[PDB]
Every structure is written in structure tokens, then in C-alpha cells.
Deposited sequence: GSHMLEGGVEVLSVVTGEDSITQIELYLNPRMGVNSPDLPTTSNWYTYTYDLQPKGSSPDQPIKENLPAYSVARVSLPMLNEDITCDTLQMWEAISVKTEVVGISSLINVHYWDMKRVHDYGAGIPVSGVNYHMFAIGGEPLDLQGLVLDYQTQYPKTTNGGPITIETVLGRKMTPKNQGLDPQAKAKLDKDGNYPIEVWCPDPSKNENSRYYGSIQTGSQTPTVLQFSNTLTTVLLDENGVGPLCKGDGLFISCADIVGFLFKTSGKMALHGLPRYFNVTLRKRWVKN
């Protein structure tokens, strides 16, 4: 997979724009329950063993594969052009919507007060790759009984192993590995990016725990992420496909009853790519 020179010429640079809507558990706006689109259901400890969480309570990674302009007339040549992602402008959309402290069923911060704003657990990541993101499985509790389904979601450790989790899945088990190849099917609480692979991807992420911790976010269209590695090489899109992945949990909606649901926001991407000779 030898990288040669950057292609020179007129249309050697292109731009790819897209947005990814969050997949928090209620993943569709088009259902007769869709009122909770971009939210989970109510998150509660069961109180007895074992936990059997519902799919609505399992926020999942967003992913899209973007098809790119075909570059090579004869694909049997050793030396071909490939799209190389060199930079990205990315932004969490709808941040301002979180100033709303008057949702009708918001728990009031104290008697007669404004609602507790969306706050608490945050998880924020994005990835740009020339192939699916590689995932490592690890869970808080190996005894958790994740939903078994027939329609390909959610995919968890039991799904990939073809057998029950054992205690080692609370740590790093090299067999618990997957590719982020489907939108809204790989739960955040089960899968993280695999740092031992992903040579052809760049990812950036953070978590914030706490129950009412401030959600603190910036947005600016002046911010650019360079996607080049130390050798000056960005992700190379094999099969003329650009993989874009993300997750943006922005906190809890505090309901009057005391119930709490996690909330997510969409993410925008503008990826600059260039043509690169490879061998």
C-alpha cells in the first residue's frame, strides 16, 4: 500500500459535505413514539439482576459511507489514484437549542424556578476514514443482557462472539472487535474506537461524566482539523468510499417525575479531499 506523489492538475481537490442526525435510541422521526427522536427513553437502574436494557436506551454511533468520483479507468494498473482526506471542518449543530429551560415537563431546579437545562453526561467523537472505523468492545458490566434481534441492531459483544460475555469483557478482550459499518446499530456503551487498528482513520473524542455537569460546547466555522498523519498522509479512500462516523451526547433531559433521558445533537462535516498516486 505504497503512497506516492500528490496528483497535480485542475480538479485534483474536491469537497464532501454531509450531516449526521443523532441515533440516541429513538432513531427515526417517521414513526407513529417519534416524539422522542434524538432522545433515549427513561434511564433507570433496574434494582435487581440482571440488567436487560431496551434498544431505546442505547445511544449508538452515527455513520455514513460517501461515494466518491471514480478516478481510474483501468483498475488492474499497479499505480492508481485514490482520494486522500486532508482536512475537515466539523460542527455540532443545534447547540443554541439547549438554552430552553421551559420545556413543559422539565423538572424545575427549585420550587417555581426554571427547568434544569440539558446537562450531565456528554460524549463527543468524530472519525474520518478511508474504510469503516475499527471498534473495540468493553462494558461496565459483563452480565448485562443486551437485546437479541433479527433485524441487525443493536450489535453488541455477544452478537460478534456468538456466545455470552465473560468477566474479561469488562476489560480489553482482543476477540471483542467489530467494524462501524451500520448507522445507529453499534451502542456507544459497548463499543469504542480500536486504537490498535484504525491506521486508515483519524478519530477524536471525549467523555464527561457527572449528573448535572455543565454542557460546554463551542461552534465556529473558522475551525479546521488537519487529517494528515506525521508523514503528511491522510486517510486513503479504498473503493472510492469516505467513511464518516460520530456521536454527540449532550446530556440529560430532566423530567418532572424525576425520570431522565439522554439527548444527542446532529453533526455537520465538510471534508476536503485530494487525489494521490498510490502503488
Enumerate the deposited-sequence segments absent from the coordinates, judged by C-alpha atoms, in order of position. 1-8, 41, 289
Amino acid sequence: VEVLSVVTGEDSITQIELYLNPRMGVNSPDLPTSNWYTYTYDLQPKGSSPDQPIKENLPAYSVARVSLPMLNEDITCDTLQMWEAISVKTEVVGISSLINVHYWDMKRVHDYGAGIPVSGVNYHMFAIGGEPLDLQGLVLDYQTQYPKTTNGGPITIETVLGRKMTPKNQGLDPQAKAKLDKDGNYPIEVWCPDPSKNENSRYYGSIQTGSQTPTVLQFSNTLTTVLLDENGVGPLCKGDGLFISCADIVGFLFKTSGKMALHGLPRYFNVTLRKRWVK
From here on, numbers count along this sequence of modelled residues.
Do a third or more of the other compared entries leave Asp111 out of the model? no
Does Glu73, which is modelled here, drop out in at least a third of the other compared PDB entries? yes
Would you tell me which stretch averages the higher CA B-factor in the PDB entry, 156-164 or 126-134? 156-164
Mean C-alpha B factor from the entry: is it higher for 224-232 or for 240-248? 224-232
Looking at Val92, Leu98, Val121, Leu80, which has the biggest Cα B factor in the entry? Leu80
Reading the B-factor column for Cα atoms of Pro59, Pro50, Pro214, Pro45, the highest value belongs to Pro50
Lowest, middle or highest third: where is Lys148 by C-alpha B factor in its chain? highest
Taking only the Cα B-factors deposited for this chain, tell me whether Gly25 sits in the lowest, middle or highest third. highest
Chain thirds by Cα B factor, record data; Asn35 belongs to the middle
In terms of the chain's CA B-factor thirds, is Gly9 lowest, middle or highest? highest
Against its chain's modelled residues, does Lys197's Cα B factor rank lowest, middle or highest third? middle
